[PDB]
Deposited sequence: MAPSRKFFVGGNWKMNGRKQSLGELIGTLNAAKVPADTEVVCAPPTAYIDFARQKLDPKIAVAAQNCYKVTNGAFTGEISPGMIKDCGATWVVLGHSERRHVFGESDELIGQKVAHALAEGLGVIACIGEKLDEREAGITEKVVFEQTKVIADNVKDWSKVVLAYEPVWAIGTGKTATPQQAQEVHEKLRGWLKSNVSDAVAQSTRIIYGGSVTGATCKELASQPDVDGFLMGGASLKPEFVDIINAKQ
């Protein structure tokens, strides 16, 4: 399974600062057996794709579920491909929990994006109140099931576990990350196939730094990272070399 490092720039950066960041990424050596993807703010997908070297792929941070329509403020998978981007991040914790995107909607988006030829980074995660109630498995399995029901071919899909319970005074240990990733791969093994379980990347979307990345990456069922705003710093190059 190839190491997968996604940098989600979120709502940060301008042409000048992002152009500088891109130059540092273009200059860096991507190791063997490693896949790097960058998700700029929507206004800069096109800009980023033109400036970034082909060795780094570009992702949209969100999309909608039909090709064209009366949806002020949205973008379709067709627009994303037309700008040269090959991935879309779907179901990120901020879309679910700040912007109220339901599992039904996320499923419909997954299906449309895949049908339009995009790769999908599909995000899942449980909140603090869900974890403390002891329904971590119920939550992430129901989220993964909705994704799985809308995926025909898994070769274009990467799963990202976001420990929302620990994003913004509790920290998650590498053992707690491994435990969720293994239960998730176990779910795929039972409900899809062993081939899909074996081959699908499950990446960690919790807090990761240059000092933690190596231990996290060495976990058997952690296949990489979906990094937040820290992906804008020089630190991101250390995470690329976490193996």
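Of the deposited sequence, the ranges 1 to 4, 173, 249 have no C-alpha coordinates according to the record.
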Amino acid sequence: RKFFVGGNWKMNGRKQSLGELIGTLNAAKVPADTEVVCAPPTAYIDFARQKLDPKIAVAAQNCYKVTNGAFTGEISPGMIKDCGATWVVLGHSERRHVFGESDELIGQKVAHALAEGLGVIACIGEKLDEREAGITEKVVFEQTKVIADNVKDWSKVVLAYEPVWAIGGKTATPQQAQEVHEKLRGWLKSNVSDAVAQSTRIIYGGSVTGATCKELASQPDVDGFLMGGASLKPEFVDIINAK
From here on, numbers count along this sequence of modelled residues.
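Of the two segments examined, 100 to 108 and 138 to 146, it is 138 to 146 that shows the higher average Cα temperature factor in the deposited entry. In this entry, 127 to 135 shows the higher mean Cα temperature factor of the pair 82 to 90 and 127 to 135.
Among 59, 177, 63, 48, the highest C-alpha B-factor recorded in the PDB entry belongs to 177. Set against one another, the Cα B-factors of 113, 160, 75, 172 in the record reach their highest point at 172.
Annotation for residue 205: CA B-factor lies in the middle third of the chain's modelled residues. Annotation for residue 37: CA B-factor lies in the lowest third of the chain's modelled residues.
Compared with the other modelled residues of the chain, the Cα B-factor recorded for residue 167 ranks in the highest third. When the modelled residues of the chain are ordered by C-alpha B-factor, residue 186 sits in the highest third. Residue 10: CA B factor lies in the lowest third for its chain, per the PDB record.
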